[PDB]
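Structural description and commentary
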Amino acid sequence: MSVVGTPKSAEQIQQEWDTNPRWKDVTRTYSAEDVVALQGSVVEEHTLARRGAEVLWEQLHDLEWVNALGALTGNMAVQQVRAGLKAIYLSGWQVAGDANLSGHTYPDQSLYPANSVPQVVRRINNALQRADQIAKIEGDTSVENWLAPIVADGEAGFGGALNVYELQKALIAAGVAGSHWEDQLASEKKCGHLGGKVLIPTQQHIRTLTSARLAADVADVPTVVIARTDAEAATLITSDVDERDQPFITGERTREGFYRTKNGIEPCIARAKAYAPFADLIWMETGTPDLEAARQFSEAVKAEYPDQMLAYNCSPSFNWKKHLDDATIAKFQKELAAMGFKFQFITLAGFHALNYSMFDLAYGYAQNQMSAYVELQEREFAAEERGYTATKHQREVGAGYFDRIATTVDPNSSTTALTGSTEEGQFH
Amino acid sequence: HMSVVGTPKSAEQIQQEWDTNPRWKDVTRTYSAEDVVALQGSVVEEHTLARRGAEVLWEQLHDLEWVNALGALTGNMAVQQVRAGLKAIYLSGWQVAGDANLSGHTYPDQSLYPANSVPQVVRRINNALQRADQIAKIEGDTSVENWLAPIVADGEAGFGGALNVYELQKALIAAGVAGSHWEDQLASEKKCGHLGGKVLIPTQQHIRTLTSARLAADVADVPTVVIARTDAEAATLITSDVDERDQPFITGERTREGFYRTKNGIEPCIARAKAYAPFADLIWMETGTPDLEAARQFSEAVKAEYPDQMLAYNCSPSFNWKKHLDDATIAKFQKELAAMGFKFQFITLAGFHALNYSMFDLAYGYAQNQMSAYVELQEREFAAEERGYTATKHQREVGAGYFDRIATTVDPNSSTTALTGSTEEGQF
Amino acid sequence: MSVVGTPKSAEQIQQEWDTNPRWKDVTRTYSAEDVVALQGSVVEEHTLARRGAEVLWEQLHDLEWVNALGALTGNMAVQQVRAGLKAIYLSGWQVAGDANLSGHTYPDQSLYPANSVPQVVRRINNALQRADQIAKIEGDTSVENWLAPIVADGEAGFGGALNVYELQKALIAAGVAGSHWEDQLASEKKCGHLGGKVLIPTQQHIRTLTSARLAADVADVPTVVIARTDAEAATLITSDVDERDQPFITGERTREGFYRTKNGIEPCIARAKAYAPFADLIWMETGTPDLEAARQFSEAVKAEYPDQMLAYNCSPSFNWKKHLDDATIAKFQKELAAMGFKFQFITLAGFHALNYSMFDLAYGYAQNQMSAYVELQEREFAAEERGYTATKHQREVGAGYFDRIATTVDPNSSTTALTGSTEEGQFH
Amino acid sequence: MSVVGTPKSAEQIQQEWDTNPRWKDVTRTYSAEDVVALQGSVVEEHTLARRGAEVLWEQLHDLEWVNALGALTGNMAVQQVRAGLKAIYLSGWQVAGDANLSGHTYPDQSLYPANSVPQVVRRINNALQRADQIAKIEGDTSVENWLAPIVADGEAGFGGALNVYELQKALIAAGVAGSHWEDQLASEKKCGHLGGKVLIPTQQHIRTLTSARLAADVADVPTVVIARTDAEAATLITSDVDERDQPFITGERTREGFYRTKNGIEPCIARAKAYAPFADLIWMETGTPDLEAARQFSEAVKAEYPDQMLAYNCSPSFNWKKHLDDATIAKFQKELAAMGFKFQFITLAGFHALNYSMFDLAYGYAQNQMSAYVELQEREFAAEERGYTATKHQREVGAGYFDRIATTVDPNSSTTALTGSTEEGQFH
Ligand SMILES: O=C(O)CC[N+](=O)[O-]
Ligand SMILES: O=C(O)CC[N+](=O)[O-]
Ligand SMILES: [Mg+2]
Ligand SMILES: [Mg+2]
Ligand SMILES: [Mg+2]
Ligand SMILES: [Mg+2]
Ligand SMILES: [Mg+2]
Ligand SMILES: [Mg+2]
Ligand SMILES: [Mg+2]
Ligand SMILES: [Mg+2]
Ligand SMILES: [Mg+2]
């Protein structure tokens, strides 16, 4: 029939694995023929997932470190990229709280439908693509790359290896660059800074990481795979079956059948070492923003895997000024970067920006009506000097871009949008 | 015997209600009570939040000096608006186009998105307010009297004909809308009222839309607030000279598409408003500037014919407010409008601007100073707590304590509850 | 503000539990006050969930037995009710294979998004409401109740007790009458007639049934709760914590940490007895359609709970003429009913009818083009004396109902649909 | 700083238009530079849309003709391909009746949300990809191309030119091979065989066809664009503005302001000639299945455009045996093919196959319970010699494929599906 999307041969895949420095430190317990066997007779190209993953991998090695903020709407990502950031973090917490396909507000317990984060990945990419389209017709060259790589939350996979596989495939279809996966029991999944966490055995999380890599391999894109461990605070594990976990099993049980396990940095290091062959970046949740604890984890892992890159959650679940002085806060990310934490992210930044800004506006509006909104509008005008463009909201969402479509189709159209608008007449 | 749940009322009951309930005092229906019953099948679904919200909205419009609101495009946004003291939520179609519609794309405000997008956001907002209400109950928080503030949502131009209007109204009601607004534009060329290129439809065709919106509410058995919007102040085009009420403004000239040129301004707005009044609970005229005198001229001309007719006013961010008004006039704007009979006033794009500006600000400072910039935000949140802000403790804000209560109701001995052991418990 | 939706008092709830015969055999390990504590300030009425649950309960005690077929589209349920069936079965298997929100074809392993079955419940209710509306304007009183009760698949809850709770809540909101829940590990869930099944402890499934009842109580509707056990074929269990499961543990462990367990009817009887206080109906998956095996199960359960109703899966996963003769097949369901199996269902009926009928049609179309389709249309014509109505496809999907809406809004509309249609012209 | 998805230059695009025979008869009223200006800086590859459209175009010139059946679920399309068909038809009618994103049953009047057909395109492709995957691991070479091209319904574009553009873009994103567009007023859209149809001016539909091509060009795929005219039966048109339409305007008006127009083959021929430069295939809706009327249309169009391919709706809205004898029915498609009708499709095949087969099954089940289902199962067994495979429903939906994923991830898994299943043991 056609040749579009013809799969590579197993030999080509193998050559890529054998010679591409992307795969230098990557262990795969399956073969290239196994990958090909699962690809059918046509492989869909995933342009944004490939481009994002390649850019992300190049950035993690060129930049001193890559940092990001949590984004839960498309407009949020656009502003993050407009303000200079070069990656986007897609928090599952934030999806649970304000952007998931159930319509409900949830705590961070894998309650929402498993295609929710992929939908937001696609949304963020759509929004960045629109900004990219608008910049082109506007001659705006101030942002080098609107298609910033997206690192998305795979939580605990929403089930078994096959649930992991499908979530990774959906993330890739939507244009993800990287995804992270934690060693928690999905049915009891928690945010890293909530209590009641239950670990799964070390080998079961290796299965998760293997499944996530397999899905990427089958989809033929070099997705960055991140392994997160929750062993610092978790005091429960599902089973003592894995000998790597037994040194921490205490013998105490729960009525659910769980096993108590000794928590802290020691089992995090062990698990991190075990995940390293399967992880492009390794991440340990911690209870406080502590540079020394971070350095201890960094050196224990790098003592065995010197080129292993790390990721660090700069969590709003910390009270920052309760633990650190301003001088430490200022240098915090820089100090982590020297330790090998090359991806650093404020997970819930979008939740807090969105809730605080609207509370502050609505509170003043309840008291002073228009005066309170004009304050915001004037702050927007004054922010144009810093590069802010969304004050002219019509062009920001593409009124001019769609006018260009309209006049490409019918140059004599008398129903274009921006001509005669208040934006053209009142905003300079 | 068959269950009697959902038994529809008799036409006599409906007619009795229309005749005696003061809610319907000034409401014309060109169809009969029997026509309504003919469309209801043999079971009528109860719409609790649509009924409650429509009832509360109507009471507030008659009890308060005026009802004001801000546009909300996420659930969390509406929660903060109600937390901050507002008593109604405005659901902007513009904002749904820009950052919250079911296509996943960023759109200008031209009816490009799928027609069930606004109903999904209505349902989302109600779900978010319900969660806030649930949390308040278990926390003993009586600081908000009514968490289920009424939602007024954008019906745009109906996404087609009378039947498309009917189905959108029905979907808004099913999601729990209190009120909905409908504008006299051609849906295939729909514009934001402050964009150019607008095309009116004939006066009688909008009466058909308003009639279809009422019919859908009657068939669904809820007293939804129906708002008529006219775009005749700026639109210089109309599809047809069919209606004799429109003909005095027709010039006779036509565009290459066959549209009729029409003389715009306050005069056709007054005429259309008078024609819409028997079919509208509120009437709203889009305007090119925020002008108290223009609003008064419109108000007096309408109330000369319909003295009890309530009005609505769009305090649009598409105006450059300090270009047109001084601070003193800005401070008194809404209060002066209320005295003229503008009982529902709303800042349409408040959510878009709060969201974009706050993330640009955060992301910009983050790009310069990393963690210092976010700590400024967290510290502002801490200080807002004396004004009633609660989202700094983000875990409880999204229901972690509510779901802990569910979990311990199911199994009081659960060892996997979330708030006990959280960093929120330990640090906030 | 308003009184619409005001919750009942705990005393009112308690009086219902104490005196409504619906609850005569129903254990609740939580209190009426616990329910009230979770309801916030407003309880949404769920008309179709309440009505359907009431009708299903009445039918189970009034009819000799209630039977159903699997339905995966709305039209499918319309034809089931048109042909005289009194209940709809909503198979999770069929949703996985051809009707879930990922858009993918899945085996029956809880791979699809957890709100998929709720959407199909809502869809089936919408389709039945449309048939009910059409019937009303057509004066068609040949079906007593178009709103037949829907029994839908809760699978293994897609996680822990909170995932169970949210799924039950979503099914209710969509209008479900009853829901079934199986004692399987969600992360390894299988169809009852697939291999590789893993049981969860008896107490864990009581937790699931408890959570399902709690969500119904909080939603204030009397949902029918069905317990399914997979212990007939499952040879694995997650844990030996529960002393009721220990008699069947062998001591062997898999590499995953699962416990090997002796499958058969004896564990199913024991689990059924344990589930009975928390289940309105009990169902054991079986490997073959066997009246004696079913009698053995029924007799042993009713020895302890004489009034316990049972449910039976007449599975297409069986090869019926391989096991049974024509005489036994003809009497199968009637015999089961005399044993207490009051709900009997053919799970994958819709998958097989849909797939076979299109293959048959398309195979002939490939060979003989239009002659193959005309054979079908003539069978449809022939079916009209048995009550089939869908040959006239325009009125079947509501063309006449929406014509009635259109002429209610505008009796003089020149754009109604059925007048001048080829249906009016060619189908007498 | 990546080259993935780099856009072509205008010169490359221009050379394609000048040298690829695909475009030899295609008029574009916009430039190649206009296309590039709208592409941003990254162009997403649409593998399935490209392959589908290339395969479709090749098939329309290689085969005697391409015929298809309407499909509304993924499994339906699988059985069509399994039975030997080489294209899929995606009916908007069927989507309105039983497969659209509102969840409601609708008549065919553009009532459903505009992203509904794109989702079904994606669903159909997903289902075919699964059949492809399964076939590969089963060594099944019985179907040469599982990814058969999909021809999908763009109705009247759901608004203006920009709504057209967005629908085409969304169809391509989902993998469509061709799309069709009709010269009706979107707000009054009807099935071609319903009454109350309203035409739009000839130039407005040229604009629609121009927008659909532009969206395909911007997405860089050779989508097949099909122009449908409803002028054979429509007696209304929105305007007299287009001199090409005026010969048929009678001067009579409707109260809405529409213009009566003389319907028949004459205006169809005239509109087809006007659409020819913009349409890869031209389709005239007709009131009866009439070979002579088809010939007149074909001959008059090809008199001016000899190479213009046509398309014909073998509609179930015709009562076939009322108009034609069996011999004419049998030769119908082959006769139309010789006249240049190279794409022929039975639009509502899936609705009638689905509805009749379930009525027939449920009627028998209502009377004879299991006996009626066993008849169907035996027919399925009997169809296996014709190539039917879905009797083994577990492997049909991919239980063997996901088993292969699972064993690729973990060869020692004790929780695979097919080992130990009743399909393995009873369906050998
Ligand atoms: O994010 C914030 O701190 C609020 C920004 N602002 O101007 O409202
Ligand atoms: O076998 C069936 O289900 C009926 C076949 N059919 O579609 O006419
Ligand atoms: Mg997370
Ligand atoms: Mg590594
Ligand atoms: Mg202030
Ligand atoms: Mg609007
Ligand atoms: Mg009025
Ligand atoms: Mg199931
Ligand atoms: Mg019981
Ligand atoms: Mg159609
Ligand atoms: Mg042509």
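Residues numbered from 1 in each chain as written, not as in the entry; some residues may be left out. Chains lettered and ligands numbered in written order. Heavy atoms only, no water. Residues with missing side-chain atoms left out of burial classes, pairs and counts.

Next up on the list: the overall build of chain A. The helix and strand inventory of chain A stands at 17 helices and 12 strands. Dimensions of chain A, computed from the C-alpha atoms along their principal axes, are close to 75 × 65 × 40 Å. Sequence separation of at least 24 residues holds for 73% of the intrachain contacts in chain A that already meet a minimum separation of 6. (Helix = DSSP H or I, 4+ residues; strand = E, 2+ residues; numbered from the N terminus. Contact = heavy atoms within 4.5 Å.)

What follows deals with the nonpolar core. Formed by 506 residues in total, the largest nonpolar core has its most connected members in A:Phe297, B:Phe298 and D:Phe297. Of all the elements, helix α13 (residues 349-368) of chain A adds the most residues to this core, at 11 residues. Beyond its immediate chain neighbours, meaning those up to four positions away, D:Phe297 contacts D:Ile265, D:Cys268, D:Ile269, D:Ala272, D:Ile282, D:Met284, D:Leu310 and D:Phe341. Ranked by size, the runner-up nonpolar core spans 17 residues in total, among them B:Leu57, B:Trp58, B:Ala69 and B:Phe344. (Core = buried A, V, L, I, M, F, W, Y, C linked by side-chain atoms within 4.5 Å. Buried < 20%, exposed > 50% of the residue type's maximum accessible area, 1.4 Å probe, protein only.)

All names here are of chain D. The 4 strands are arranged β5-β7-β9-β8 in an open sheet whose pairing can be described as mixed. Across the chains shown, the open sheet's two edge strands, defined by having one partner strand only, are β5 (198-199) and β8 (249-253). Pairing analysis gives 2 bridges linking strand β7 (residues 236-237) to strand β9 (residues 259-261), with the strands arranged antiparallel. Each bridged residue has a counterpart across the sheet, and for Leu-236 the counterpart in β9 is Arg-260. (Pairing = 2+ DSSP bridges.)

Looking now at the interface of chain D and chain A. Counting residues at the interface gives 45 residues for chain D and 47 residues for chain A. Every element with two or more residues in the side of chain D that touches chain A is listed here: α2 (32-37), α3 (47-62), α6 (116-137), α7 (161-174), α8 (202-218) and α16 (399-409) of chain D. When the residues that make up the side of chain D that touches chain A are grouped by side-chain class, the tally is 19 nonpolar, 11 polar and 15 charged. (Nonpolar A, V, L, I, M, F, W, Y, C, P; charged D, E, K, R; others polar.)

All names here are of chain A. Those residues carrying the UniProt feature "binding site: substrate" are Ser-91, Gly-92, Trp-93, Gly-192, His-193, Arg-228, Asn-313, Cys-314, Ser-315, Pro-316, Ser-317 and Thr-347 in this numbering. Mapped onto the elements of the fold, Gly-92 is located in helix α5 (residues 92-98). By relative accessible area, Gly-92 is classed as buried at 0%. Not counting residues within four places of it along the chain, the set of residues in contact with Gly-92 comprises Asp-108, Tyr-112, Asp-153 and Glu-155. In this structure, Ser-315 sits in the loop between β11 (309-313) and α11 (320-323). For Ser-315, a relative accessible area of 1% translates into the label buried. Discounting chain neighbours no more than four positions away, the residues touching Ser-315 are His-193, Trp-320 and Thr-347. Among the polar contacts made by the side chain of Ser-315, one reaches the side chain of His-193 at a distance of 3.3 Å. (UniProt positions renumbered as here; feature names shortened; annotations may be inferred. Polar contact = N/O pair within 3.5 Å; in protein donor to acceptor, adjacent residues only side chain to side chain.)

Turning our eyes to something else, we now look at the site of ligand 1. The environment of ligand 1 is made up of A:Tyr356, A:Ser357, A:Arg379, B:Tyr357, B:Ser358, B:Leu377 and B:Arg380. Looking at the residues close to ligand 1, they fall on chains A and B. Contacts to ligand 1 include A:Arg379, whose side-chain N or O atom sits 2.6 Å from an oxygen atom. For ligand 1, an oxygen atom lies 2.4 Å from a polar atom in the side chain of B:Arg380. Burial of ligand 1 by the protein chains amounts to 91% of its free accessible area of 260 Å². Mapped onto the shell around ligand 1, the elements with two or more residues apiece are α13 of chain A together with α13 (350-369) and α14 (371-384) of chain B. Of the residues that constitute the shell around ligand 1, the class distribution is 3 nonpolar, 2 polar and 2 charged. (Near = heavy atom within 4 Å. Areas by Shrake-Rupley, 256 points an atom, 1.4 Å probe, with all protein chains shown as cover.)

Aligned on chain C, chain D shows an RMSD of 0.2 Å; the corresponding rotation is 180° and the shift along the axis is 0.0 Å. Viewed as a symmetry operation, the transformation between the two copies matches a two-fold axis. Minimal C-alpha separation from the rotation axis in chain D is found for D:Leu354, amounting to 2.8 Å. Mapped onto chain C, 97% of the interface residues of chain D again fall at the interface, so both copies present the same surface. (Least-squares fit on C-alpha atoms.)

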